[PDB]
Each structure stands twice: as structure tokens, then as C-alpha cells.
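Here is the structure we will look at, set down as C-alpha cells.
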Amino acid sequence: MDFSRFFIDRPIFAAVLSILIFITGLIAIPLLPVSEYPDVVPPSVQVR
Amino acid sequence: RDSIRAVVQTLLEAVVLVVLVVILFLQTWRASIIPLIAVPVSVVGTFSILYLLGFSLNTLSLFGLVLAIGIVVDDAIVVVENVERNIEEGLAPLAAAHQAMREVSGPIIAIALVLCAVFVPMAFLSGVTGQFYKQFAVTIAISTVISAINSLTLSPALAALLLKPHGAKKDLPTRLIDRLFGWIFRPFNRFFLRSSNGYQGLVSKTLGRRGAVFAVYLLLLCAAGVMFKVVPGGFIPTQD
Amino acid sequence: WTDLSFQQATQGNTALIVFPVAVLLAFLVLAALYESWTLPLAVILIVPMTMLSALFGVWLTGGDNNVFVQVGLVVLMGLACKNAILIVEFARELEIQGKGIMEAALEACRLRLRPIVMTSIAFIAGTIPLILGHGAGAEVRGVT
């Protein structure tokens with residue numbers, strides 16, 4: 026395939042594709058919840 | 015109910031004015047029909063995606079379609095205008111369609127991508143303002159995408175079939191249009207030529223004074239940022 | 219704050235995130251498609267001219283920067299770029315065909331003036347019912 030050889034002649038297209046991935050990741054960093062572990066703790070209901 | 019009926023009537027009023035403009039510029043039933051096909055396809059075809067996304071026929075989504083009336087015809091007009099110019103250059107209608115579409119395929123896809131790139135940030139918003147943005151952005155983006163697809167596929171096919179070479183015999187619908195509405199086209203065509211030719215001289219003069227033009231632009235750049243402070247802020251206007 | 223005032227206070231600077239991000243996204247797309255860093259700059263430089271023209275209409279009518287004004291700005295951003303793309307793309311191709319910088323730009327404007335005026339007037343004619351709106355909902359339609 027010529028997929029990789031198509032980008033050697035277009036450095037700006039290759040650069041833009043990598044930039045788009047990077048900036049999108051920066052946006053999502055403050056949007057992610059922060060916790061010690063994933064949702065592994067069983068939910069419990071207490072009757073008193 | 016009255017508000018929704020009004021925005022639907024506004025949609026119909028916008029179609030009539032847009033259709034009139036297309037006929038005024040193309041001045042042929044064989045040519046003006048191609049942009050007019052793209053209007054129902056893009057507008058009505060949008061509702062299929064709205065159902066999938068769970069949208070509603072509110073007064074903003076319907077309002078987004080009203081603004082999209084003048085946008086869906088843009089891609090079809092570009093194709094038809096380019097094919098017609100090639101015909102005036104002596105090319106056959108089938109050859110003109112091939113020649114025009116190796117020229118406008120780039121910008122048509124480029125314009126569609128740029129429009130989508132502008133509206134996709136709105137789809138990620140939340141809240142009252144985010145929902146309001148989502149109705150307009152999603153509706154207009156879908157209409158433009160369908161219009162771009164229709165212009166890339168159906169517009170060249172109809173152009174190579176309906177359009178005829180220069181100097182060909184005028185059929186009865188065409189000679190009919192020429193006799194009731196020819197008195198608009200002839201003054202308009204010469205008025206357009208005078209405006210365009212004079213505009214060409216204006217560009218030639220302004221290209222030698224880029225320094226003066228750039229200096230004026232810097233003032234306008236500051237003026238645009240000033241006006242974001244002059245106008246008071248608001249959220250939602252009151253209505254009767 | 220309660221009711222709509224709660225929503226008005228709760229919402230952030232929603233214009234301050236989407237407007238620069240959308241401009242950045244448009245700039246990156248143009249650079250990728252047309253293989254240049256300065257060519258997209260020729261297109262996005264007209265976006266500030268769009269806001270000045272749009273905010274001039276709302277200021278002349280005594281309006282305010284409400285939501286319906288902002289959605290008009292978003293629409294205008296895409297259409298402003300579309301007009302610029304038509305001029306720039308053809309001048310780029312004419313230079314490849316061996317024409318000079320001034321010659322290609324001058325020739326591209328001549329051959330692309332008609333589609334630009336045709337589309338600009340076509341959209342403008344579509345906003346006449348909004349400008350001359352009447353009846354129910356005419357206030358919000360007139361604002362946009």
C-alpha cells in the first residue's frame with residue numbers, strides 16, 4: 026500500500042493529523058473523573 | 015402552534031426568494047432545475063438523521079433549516095455555473111461536466127469539511143445554551159453534508175443530461191421564459207457586466223496599495239474587539 | 219438565583235470556548251487540505267471582519283448579545299470561510315499552472331466573482347423573511 030508514501034510528500038497534512046489528536050486529548054484531561062480505582066466497589070444499601 | 019406555523023411559512027418564503035434568485039442568475043429552466051432539486055433532498059432528508067439523534071421539530075431546529083435554504087443551493091449553483099461556462103467555451107455537455115467536476119470537486123469537499131469543523135464544537139456543549147446551539151449546528155451541518163453529497167453525485171449527472179450546447183434551438187418552455195421574463199434578464203446581464211468589469215479595475219488598483227489596505231485592516235481588527243464590549247450581554251430575549 | 223436566572227448564572231463563558239476552538243479547527247482543516255501554513259491564514263483573517271459586520275447590525279438596532287445573536291455568529295463563521303475558499307483555492311491552482319502571484323490572484327477573482335456573488339446574494343435573499351418577520355416568534359427570528 027501507498028498509505029505511508031502519501032504522507033511523505035505532505036508534511037503539513039501529517040503534522041495537522043498529529044496536532045488534532047494532541048489538542049483533543051488536552052481538552053478531555055480536565056473532563057475525566059479522578060479516583061483511586063475503577064468502579065469495582067460493590068454498591069451497598071443499609072437498612073437501620 | 016402559531017409560532018411553529020410561522021417558522022414553517024418563513025421556510026416557504028425563503029424558498030421562493032432563493033428560487034427567484036437562482037432563476038434570475040441562470041435564466042434557463044434546464045439549468046435552474048438542478049439547484050432546485052437539491053433543496054428538497056437536503057431539507058427533507060435532514061429529518062431522517064434528526065429522528066436518529068432524538069431531536070424534535072422545535073422552533074430552533076426548524077429555524078436552522080430556514081438559514082440552510084441559502085446554503086444548500088451554493089454547491090449546486092457552483093457546479094451549474096461552471097458547466098455552463100465550459101459550454102460557452104465550446105465543450106460538449108458531457109465533456110463540460112467532466113471538466114467542471116475536476117475543478118470544483120476540491121472546493122466543494124473543502125467547504126463542506128470547513129462548515130462541519132465549525133459546527134462540531136457545538137455538539138459537545140451542555141446546558142440551556144448548549145442545547146440551543148446543538149439544534150442549529152446539527153441541523154445546518156446535516157443539510158450541508160447532504161447538499162455536498164447531492165452536488166457531487168446528482169448535479170453533474172443532471173447537468174450532462176439537461177444542458178444543451180451553445181446556440182442550440184430553444185424548446186417551448188425556454189422560449190416561453192424568454193418572452194415573459196426576458197425584460198429582466200437583458201438589463202440585469204448588462205448591469206452585471208458593468209459592475210463586474212468596473213470591479214476588476216478596483217482590484218487592480220488595490221493590489222498596488224497593500225500597505226495602506228493592511229494598515230486599515232489593523233484598525234478594523236481592533237474595532238471588532240471593541241464591539242464585543244459595546245453591545246450588552248444577554249441570554250434569551252423576551253417575546254410576545 | 220432561580221428559574222432562568224439560575225441558568226444564566228450557571229452557564230460559563232460558552233462563547234469563549236467554542237469560538238476559538240472552531241476557528242482553530244477550521245485553520246487546521248484548511249492547512250491539511252491545501253498544504254500550507256500561511257494559505258489558511260488568508261481565509262481565517264476575514265473571520266474577525268465577520269464579527270464586526272454582524273455586531274454592527276445588532277448595535278444599530280439596539281440589540282444585545284443574546285443566544286440568538288451568537289448562533290448567527292457561528293453560522294456566519296462557516297459562510298465567511300466559504301467565500302474566502304473560493305478565491306484562494308483557484309489562485310493556488312493558477313500559480314501551479316505557471317502564473318505569477320499577482321496574475322493568478324487577479325485572474326482567480328475574475329473567474330470566481332460570479333459564483334461568489336451568486337451564493338452571497340442567494341443566502342442574503344434567504345434572510346429577508348427573517349428581517350421582515352411578522353406574527354408569532356418574529357422577535358427571535360428578527361434578532362438572528
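Each protein sequence line maps, in turn, to chains A, B and C.
The opening position of the first sequence corresponds to residue 26 in the working numbering, with each subsequent residue numbered one higher.
The opening position of the second sequence corresponds to residue 15 in the working numbering, with each subsequent residue numbered one higher.
The opening position of the third sequence corresponds to residue 219 in the working numbering, with each subsequent residue numbered one higher.
Even for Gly, the Cβ is constructed at its ideal location relative to N, Cα and C.
Using only the alpha-carbon positions, how far apart do residue i and residue j sit?
| i | j | result |
| --- | --- | --- |
| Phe39 (chain B) | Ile334 (chain C) | 12 Å |
| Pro258 (chain C) | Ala298 (chain C) | 13 Å |
| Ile198 (chain B) | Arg204 (chain B) | 11 Å |
| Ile37 (chain A) | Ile44 (chain A) | 10 Å |
| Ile342 (chain C) | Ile33 (chain A) | 43 Å |
| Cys327 (chain C) | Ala227 (chain C) | 47 Å |
| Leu222 (chain C) | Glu321 (chain C) | 57 Å |
| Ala109 (chain B) | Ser210 (chain B) | 28 Å |
| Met115 (chain B) | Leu350 (chain C) | 38 Å |
| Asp16 (chain B) | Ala354 (chain C) | 6 Å |
| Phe133 (chain B) | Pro170 (chain B) | 28 Å |
| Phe138 (chain B) | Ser218 (chain B) | 45 Å |
| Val241 (chain C) | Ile262 (chain C) | 7 Å |
| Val159 (chain B) | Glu61 (chain A) | 43 Å |
| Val287 (chain C) | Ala233 (chain C) | 11 Å |
| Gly215 (chain B) | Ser271 (chain C) | 25 Å |
| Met136 (chain B) | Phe237 (chain C) | 10 Å |
| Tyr252 (chain C) | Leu246 (chain C) | 10 Å |
| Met336 (chain C) | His180 (chain B) | 22 Å |
| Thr73 (chain B) | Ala356 (chain C) | 11 Å |
| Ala244 (chain C) | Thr24 (chain B) | 31 Å |
| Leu42 (chain A) | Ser69 (chain A) | 46 Å |
| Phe228 (chain B) | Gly239 (chain B) | 17 Å |
| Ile264 (chain C) | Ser338 (chain C) | 15 Å |
Taking only beta-carbon atoms, is residue i less than 8 Å away from chain A?
| i | result |
| --- | --- |
| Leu246 (chain C) | yes |
| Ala249 (chain C) | yes |
So which residues of chain B does residue i contact, with C-beta pairs closer than 9 Å?
| i | result |
| --- | --- |
| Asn284 (chain C) | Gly247, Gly248, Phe249, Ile250, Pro251 |
How far does the alpha helix (DSSP H) with residue i in it extend, from its first residue to its last?
| i | result |
| --- | --- |
| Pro201 (chain B) | 186-221 |
| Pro121 (chain B) | 107-133 |
| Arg30 (chain A) | 28-33 |
| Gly104 (chain B) | Premise fails: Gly104 (chain B) is in no alpha helix (DSSP H) and is neither H nor E. |
| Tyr65 (chain B) | 43-67 |
| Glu27 (chain B) | 16-40 |
| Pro67 (chain A) | Unbroken run through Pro67 (chain A): none, as it is neither H nor E. |
| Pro266 (chain C) | 265-278 |
| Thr228 (chain C) | 221-228 |
Identify the contact partners of residue i in chain A, using a Cβ-Cβ distance below 8 Å as the criterion.
| i | result |
| --- | --- |
| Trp255 (chain C) | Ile37 |
Kindly indicate if chain C contains any beta-carbon less than 8 Å away from that of residue i.
| i | result |
| --- | --- |
| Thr73 (chain B) | yes |
| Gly225 (chain B) | no |
| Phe195 (chain B) | no |
| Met136 (chain B) | yes |
| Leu45 (chain A) | yes |
| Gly144 (chain B) | yes |
| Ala114 (chain B) | no |
| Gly59 (chain B) | no |
| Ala45 (chain B) | no |
| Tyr65 (chain B) | no |
Residue i versus chain F: which residues are under 9 Å apart at the beta carbon?
| i | result |
| --- | --- |
| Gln214 (chain B) | Reference to chain F is not applicable here, since the protein chains of this structure are A, B and C. |
Secondary structure at residue i, three-state DSSP: helix, strand or coil?
| i | result |
| --- | --- |
| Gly344 (chain C) | helix |
| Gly355 (chain C) | coil |
| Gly247 (chain B) | strand |
| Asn72 (chain B) | coil |
| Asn283 (chain C) | strand |
| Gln253 (chain B) | coil |
| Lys148 (chain B) | helix |
| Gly239 (chain B) | helix |
| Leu45 (chain A) | helix |
| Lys178 (chain B) | coil |
| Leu139 (chain B) | coil |
| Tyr62 (chain A) | coil |
| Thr256 (chain C) | coil |
| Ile83 (chain B) | helix |
| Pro55 (chain A) | coil |
| residue 363 (chain C) | No answer is possible for residue 363 (chain C): the residues shown for chain C start at 219 and end at 362. |
| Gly316 (chain C) | coil |
Taking only beta-carbon positions, decide if residue i is within less than 8 Å of chain B.
| i | result |
| --- | --- |
| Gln315 (chain C) | no |
| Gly353 (chain C) | yes |
| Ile303 (chain C) | yes |
| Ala340 (chain C) | yes |
| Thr337 (chain C) | yes |
Show which residues of chain B have a CB atom less than 7 Å away from the CB atom of residue i.
| i | result |
| --- | --- |
| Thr220 (chain C) | Residues of chain B passing the Cβ test: none, with the nearest at roughly 14 Å. |
Residues of chain C with CB closer than 7 Å to the CB of residue i, please, in chain order.
| i | result |
| --- | --- |
| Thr220 (chain B) | The premise fails here: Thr220 (chain B) is roughly 11 Å from chain C at the closest Cβ pair, so nothing lies under 7 Å. |
| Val41 (chain A) | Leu246, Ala249, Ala250 |
| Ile83 (chain B) | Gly344 |
What I want to know is whether the C-beta of residue i ends up closer than 7 Å to one or more non-hydrogen atoms of the ligand COA.
| i | result |
| --- | --- |
| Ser70 (chain B) | The ligand COA is absent from the structure shown, which contains no ligand whatsoever. |
Given that residue i touches chain C, what residues does it touch there, using C-beta distances under 8 Å?
| i | result |
| --- | --- |
| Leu31 (chain B) | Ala343, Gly344, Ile346, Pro347 |
Counting only Cβ pairs nearer than 9 Å, list the residues of chain C close to residue i.
| i | result |
| --- | --- |
| residue 256 (chain B) | Summary: the structure shown does not reach residue 256 (chain B), with chain B confined to residues 15 through 254, and so no result is reported for it. |
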